[PDB]
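Let me begin by presenting the structure, written as structure tokens, before commenting on it.
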Amino acid sequence: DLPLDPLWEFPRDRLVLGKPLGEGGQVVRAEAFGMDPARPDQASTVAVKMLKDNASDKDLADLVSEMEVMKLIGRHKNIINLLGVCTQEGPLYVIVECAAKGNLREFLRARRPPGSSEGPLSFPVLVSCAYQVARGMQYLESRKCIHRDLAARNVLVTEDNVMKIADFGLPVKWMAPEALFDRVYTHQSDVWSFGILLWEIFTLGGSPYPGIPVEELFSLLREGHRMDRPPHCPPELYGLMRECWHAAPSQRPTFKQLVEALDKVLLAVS
Ligand SMILES: *CCC(=O)Nc1cccc(F)c1Nc1ncc(OCc2c(Cl)c(OC)cc(OC)c2Cl)cn1
């Protein structure tokens, strides 16, 4: 039973629902008509979150929360953006961008060359992915958003291969020490996760701490151990991973610094 926000209300009759992308609440693919009000006939493919009939007063407040948080954070090329909402005379729909090529883990895994051969993702394309994620996090950070669960599974990829951070408005191998032990999340804890994300990228969607069982990880970290440089990963990049994986959060680089460092590498191609 909700207010009508004229900046975001989109007509429910202009949103043709399609194939479900996820159940668990649910998320549905949809063709929206005139998300660009420049060309109001033009169709675009979008995603839509909504509640299932099996859902409490609480679940509604969460979806309202995420919606409202997304309005407040605002727009950036490197996050999944809010596009509109449907709040009146019918169920809550939160409408957002739909990334054509799915999440970043699966994008990279489906692009692994066989064995020692060379694959379609060049080094610059991979550093580019990492830079784009860094820019998105820098932006979310500048809007006081702590992600808490940054990982390749939570970055999505557009048709034009643009990284878009997902689920920012609401996993032990991705978590910083202070988050694991002390249940403390900060921007710096997101930085730790970005390091892990970096290793994911340069392993084409590798499973972090390969071998090591989850219960034996917390002690490997305490001893000062970290993942090894992956094969073919240059040391400038490996070094960033490692700076992200410092135990003291203040000793980790900021997202600003991550963006600059990654920028240097991309400038240093040609
Ligand atoms: C658009 C074409 C398509 O089918 N894409 C697709 C296939 C398989 C996996 C996959 F991730 C995608 N792309 C995609 N899925 C979901 C979303 O948006 C989910 C989402 C929703 Cl519904 C929010 O609603 C509040 C919020 C956020 O985070 C901000 C996300 Cl990621 C986008 N793209």
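If you're wondering about the labels, chains in the structure tokens are A, B, ... by order shown, residues count from 1 in each chain, ligands from 1 in order shown.
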For this session: With a distance cut-off of 10 Å and only C-alpha atoms, select the neighbouring residues of segment 97-111 of chain A, excluding the residue or stretch itself and same-chain residues fewer than 5 positions from it, and output the selection as a ChimeraX atom specification.
Result: /A:29-30,44-48,79-84,119-121,126,129,151-166,197,200-207
Exercise. Hey, what does DSSP flag as helix (DSSP H, G or I) within segment 51-136 of chain A? Can you give it to me as JSON, numbers by chain?
Worked result: {"A": [57, 58, 59, 60, 61, 62, 63, 64, 65, 66, 67, 68, 69, 70, 71, 72, 73, 104, 105, 106, 107, 108, 109, 123, 124, 125, 126, 127, 128, 129, 130, 131, 132, 133, 134, 135, 136]}
Suppose we keep N, CA and C atoms; can you now write the selection as a compact mmCIF listing (two decimals), in the first residue's frame?
```txt
# COMPACT_ATOMS: atom_id res chain seq x y z
N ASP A 57 4.79 -9.78 5.49
CA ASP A 57 4.97 -8.34 5.65
C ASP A 57 6.48 -8.01 5.61
N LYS A 58 7.34 -8.82 6.24
CA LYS A 58 8.79 -8.52 6.33
C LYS A 58 9.49 -8.52 4.96
N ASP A 59 9.24 -9.58 4.18
CA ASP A 59 9.78 -9.74 2.83
C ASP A 59 9.44 -8.53 1.95
N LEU A 60 8.23 -7.98 2.10
CA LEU A 60 7.81 -6.75 1.40
C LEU A 60 8.68 -5.54 1.79
N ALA A 61 8.90 -5.37 3.09
CA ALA A 61 9.75 -4.26 3.62
C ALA A 61 11.17 -4.35 3.07
N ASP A 62 11.70 -5.56 2.94
CA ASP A 62 13.02 -5.78 2.34
C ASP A 62 13.09 -5.33 0.87
N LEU A 63 12.07 -5.69 0.10
CA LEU A 63 12.03 -5.34 -1.31
C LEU A 63 11.83 -3.83 -1.50
N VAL A 64 10.97 -3.23 -0.66
CA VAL A 64 10.81 -1.78 -0.59
C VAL A 64 12.11 -1.10 -0.21
N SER A 65 12.85 -1.73 0.69
CA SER A 65 14.11 -1.20 1.16
C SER A 65 15.14 -1.14 0.02
N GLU A 66 15.31 -2.27 -0.64
CA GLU A 66 16.25 -2.41 -1.75
C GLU A 66 15.92 -1.41 -2.86
N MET A 67 14.63 -1.32 -3.22
CA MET A 67 14.15 -0.36 -4.20
C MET A 67 14.57 1.03 -3.80
N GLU A 68 14.27 1.38 -2.55
CA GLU A 68 14.47 2.76 -2.12
C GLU A 68 15.95 3.08 -2.05
N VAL A 69 16.72 2.11 -1.59
CA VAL A 69 18.17 2.22 -1.53
C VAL A 69 18.77 2.41 -2.90
N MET A 70 18.25 1.69 -3.89
CA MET A 70 18.72 1.85 -5.26
C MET A 70 18.45 3.26 -5.86
N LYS A 71 17.28 3.83 -5.56
CA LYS A 71 16.97 5.25 -5.91
C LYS A 71 17.98 6.19 -5.30
N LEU A 72 18.23 6.00 -4.03
CA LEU A 72 19.14 6.87 -3.32
C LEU A 72 20.60 6.79 -3.82
N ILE A 73 21.08 5.59 -4.11
CA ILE A 73 22.47 5.41 -4.57
C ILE A 73 22.65 6.06 -5.93
N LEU A 104 29.85 -12.94 -13.97
CA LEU A 104 31.23 -12.83 -14.42
C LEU A 104 31.96 -14.15 -14.23
N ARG A 105 31.64 -14.90 -13.17
CA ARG A 105 32.21 -16.22 -12.99
C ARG A 105 31.93 -17.07 -14.23
N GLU A 106 30.65 -17.19 -14.60
CA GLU A 106 30.26 -18.06 -15.69
C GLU A 106 30.75 -17.53 -17.03
N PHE A 107 30.83 -16.21 -17.15
CA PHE A 107 31.34 -15.59 -18.37
C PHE A 107 32.79 -16.00 -18.63
N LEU A 108 33.60 -16.00 -17.57
CA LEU A 108 35.00 -16.31 -17.69
C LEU A 108 35.18 -17.82 -17.85
N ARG A 109 34.46 -18.61 -17.05
CA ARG A 109 34.56 -20.08 -17.12
C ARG A 109 34.19 -20.62 -18.49
N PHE A 123 44.65 -10.30 -21.87
CA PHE A 123 45.04 -9.59 -20.65
C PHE A 123 44.31 -8.22 -20.48
N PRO A 124 44.33 -7.34 -21.52
CA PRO A 124 43.61 -6.06 -21.32
C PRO A 124 42.14 -6.23 -21.03
N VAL A 125 41.49 -7.18 -21.68
CA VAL A 125 40.08 -7.39 -21.44
C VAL A 125 39.87 -7.80 -19.96
N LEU A 126 40.79 -8.61 -19.43
CA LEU A 126 40.69 -9.07 -18.04
C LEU A 126 40.97 -7.94 -17.04
N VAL A 127 42.02 -7.15 -17.28
CA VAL A 127 42.30 -5.97 -16.46
C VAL A 127 41.14 -4.96 -16.59
N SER A 128 40.63 -4.79 -17.79
CA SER A 128 39.44 -3.99 -18.01
C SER A 128 38.27 -4.43 -17.11
N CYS A 129 37.96 -5.73 -17.10
CA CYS A 129 36.91 -6.24 -16.17
C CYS A 129 37.18 -5.80 -14.75
N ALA A 130 38.41 -5.95 -14.32
CA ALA A 130 38.77 -5.67 -12.95
C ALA A 130 38.65 -4.17 -12.67
N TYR A 131 39.08 -3.35 -13.63
CA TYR A 131 39.00 -1.89 -13.53
C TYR A 131 37.56 -1.44 -13.42
N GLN A 132 36.69 -2.00 -14.26
CA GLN A 132 35.27 -1.68 -14.26
C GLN A 132 34.60 -2.00 -12.94
N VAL A 133 34.94 -3.15 -12.36
CA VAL A 133 34.43 -3.53 -11.05
C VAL A 133 34.94 -2.55 -9.97
N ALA A 134 36.21 -2.18 -10.09
CA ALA A 134 36.80 -1.23 -9.18
C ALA A 134 36.09 0.15 -9.24
N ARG A 135 35.83 0.62 -10.46
CA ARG A 135 35.04 1.85 -10.64
C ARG A 135 33.63 1.75 -10.05
N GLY A 136 32.97 0.62 -10.20
CA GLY A 136 31.61 0.47 -9.68
C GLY A 136 31.63 0.50 -8.17
```
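Nearest to ligand 1 of all the residues A:31, A:190, A:223, A:216 is A:31, based on only C-alpha atoms and all ligand atoms.
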For this session: May I have all residues of segment 27-252 of chain A that DSSP, computed from the backbone, assigns to strand (DSSP E or B), given as a count of residues only?
Result: 33
Exercise. Of the residues A:259, A:212, A:50, A:7, which is the one nearest to ligand 1, using only C-alpha atoms and all ligand atoms?
Worked result: A:50
Problem set entry | For residue 252 of chain A: contacts at 12 Å, only C-alpha atoms, fewer than 3 positions along chain excluded, given as a PyMOL selection string | chain A and resi 176+186-195+239-249+255-258
For this session: Please provide as an NGL selection string all residues within 10 Å of residue 143 of chain A, with the sequence filter that same-chain residues fewer than 3 positions apart are discarded (counting only C-alpha atoms).
Result: :A and (72-74 or 137-140 or 146)
Dump C-alpha atoms for the selected residues as a PDB file, in the first residue's frame?
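Result file is selection-v4.pdb:
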```pdb
ATOM      1  CA  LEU A  72      19.138   6.871  -3.316  1.00  0.00           C
ATOM      2  CA  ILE A  73      22.473   5.412  -4.572  1.00  0.00           C
ATOM      3  CA  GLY A  74      21.715   6.564  -8.114  1.00  0.00           C
ATOM      4  CA  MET A 137      32.757  -0.213  -6.133  1.00  0.00           C
ATOM      5  CA  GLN A 138      34.394   3.216  -5.914  1.00  0.00           C
ATOM      6  CA  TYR A 139      31.089   4.740  -6.941  1.00  0.00           C
ATOM      7  CA  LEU A 140      29.002   2.612  -4.524  1.00  0.00           C
ATOM      8  CA  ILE A 146      29.092  -1.463   1.557  1.00  0.00           C
TER       9      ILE A 146
END
```
Exercise. For the atom pair atom CA of residue 78 of chain A and atom 20 (C, counted along the ligand's line) of ligand 1, what is the interatomic distance in Å to one decimal place?
Worked result: 13.4 Å
Seminar exercise, completed: atom CA of residue 32 of chain A sits from atom CA of residue 167 of chain A at a separation of 21.1 Å
Problem set entry | Option closest in space to ligand 1, from A:20, A:37, A:208, A:11 [counting only C-alpha atoms and all ligand atoms] | A:20
